[PDB]
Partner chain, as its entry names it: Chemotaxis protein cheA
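Just the one chain here, the form deposited without its partner chain, laid out as C-alpha cells.
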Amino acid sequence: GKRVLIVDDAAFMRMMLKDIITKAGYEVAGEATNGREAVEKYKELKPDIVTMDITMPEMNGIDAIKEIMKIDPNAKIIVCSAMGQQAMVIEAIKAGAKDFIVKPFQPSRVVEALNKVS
C-alpha cells in the first residue's frame, strides 16, 4: 500500500509529515484537519494508510479511529502523539490503531512505522 491520508489539525505538522512520507516513496492521498474530515476523506479516498493526530477540534482521533474501523475493519492507522500522551496512545491502539509515532517526527521512525504497517 502507498496512498496516505494525513490527519492533523496543525498545518506545520502536516507539512513536515507530508515531506517525510513523500520523500520515502509514499503518496499523499489527502489531508484532513479533524476527526470528521478524517472520516469523510477516508470513505472518499480509500487511503492505504492513515496517520492520526489525537487532539483536534470537533472530533478527536480516538473517535475517528472508532468510526473508521466501523467503516473499514481492515483499515491501517498509525496514531500521532506528543510525548507523555501515553494514556491516549493506549486508547487509540485498543480502538484500532496498529501503532503510533511521536511528535515532533523522526524520519527514521516515521518511515519504519509506515513500512511495518504495510
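If you superpose the two forms and keep the largest set of C-alpha atoms that fall within 1.5 Å, you have the rigid core. Residues that one form lacks are left out of the comparison. Residue numbers count along the first chain shown, from 1.
Unshown form solved in complex with its partner chain; subsequent notes refer to it.
S.K.: Note which of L45, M69, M59, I93 lies within 4.5 Å of its partner chain in the deposited bound form, where distance is taken over heavy atoms; exactly one does.
M.R.: Checking each option against its partner chain in the deposited bound form, the one that comes within 4.5 Å is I93.
S.K.: Counting any heavy atom within 4.5 Å as contact, can you tell me which stretch out of 45 to 53, 59 to 67, 80 to 88, 32 to 40 lines its partner chain in the deposited bound form?
M.R.: So the stretch in question is 80 to 88.
S.K.: Taking any heavy atom pair closer than or equal to 4.5 Å as contact, tell me whether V102 reaches its partner chain in the deposited bound form.
M.R.: Looking in the deposited bound form, residue contacts with its partner chain include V102, since a heavy atom lies within 4.5 Å.
S.K.: Determine the residues of 100 to 118 with a heavy atom within 4.5 Å of its partner chain in the deposited bound form and present them in sequence order; the list may be empty.
M.R.: Contacts from 100 to 118: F100, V102, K103, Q106, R109, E112, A113, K116.
S.K.: Can you list the runs, three or more residues long, in which each C-alpha shifts by 2 Å or more between this form and the one not shown once everything is superposed on the core?
M.R.: That run whose C-alphas all shift by 2 Å or more is 55 to 59, the only one.
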